[PDB]
């Protein structure tokens, strides 16, 4: 049952590594999953729904990793605290580059994809802002910008910069440099007066 669902998802993720969603047919997904086209439609109403499910899995993987980190703070300096958190997104989305790029494209055409991305970005920004606020309350960070506005810009920077790096866009930060680049900008803007 879900084995055929997982087979469809794995086929789609593998096919997206070499071609975009518009060049993959339902017949391609069914054939790769070892089922017929009508059997595919039992599990998913469309190839777009397959991508939505793939992206939901990736974003919830990142969310759960961040939740785990929040409950188990690593015992290091403040810079490496932010690095460990940004690295959740670097590693999670960087391990699913094809789904990440396909999902970014689908945001312009899928209301469900756009709402999924917006929901989680709001959650992650609210968490960033709450950590900034806690740092200000304990006297470690200065009260400069409104924390939620700062958190919004830093999270949008990460979205755009990580995704440019993973896609090899021109221009982009090399993937092997992008974590250090983002960590520098986060730490200086959160703690700088």
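Numbering follows the first chain given and starts at 1. We call the rigid core whatever largest set of C-alpha positions still superposes within 1.5 Å between the two forms.
- The higher RMS C-alpha distance to the shown form in 9 other deposited structures of this protein, out of 67-75 and 102-110, belongs to 67-75, with every structure fitted on the core.
- With 118-126 and 94-102 compared on mean CA B-factor from the PDB entry, the stretch scoring higher is 94-102.
- Higher mean CA temperature factor, per the PDB entry, when comparing 3-11 with 182-190: 3-11.
- Each of 58, 164, 33, 141 has a CA temperature factor in the record; the biggest one is found at 33.
- Per the PDB record, 28 has a higher Cα B-factor than any other of 133, 159, 149, 28.
- Placement of the Cα temperature factor of residue 80 within the chain: middle third of the modelled residues, per the deposited record.
- Residue 169: CA B factor in the middle third of modelled residues in this chain (values from the PDB entry).
- Among the modelled residues of its chain, residue 155 has a C-alpha B-factor that falls in the lowest third according to the deposited record.
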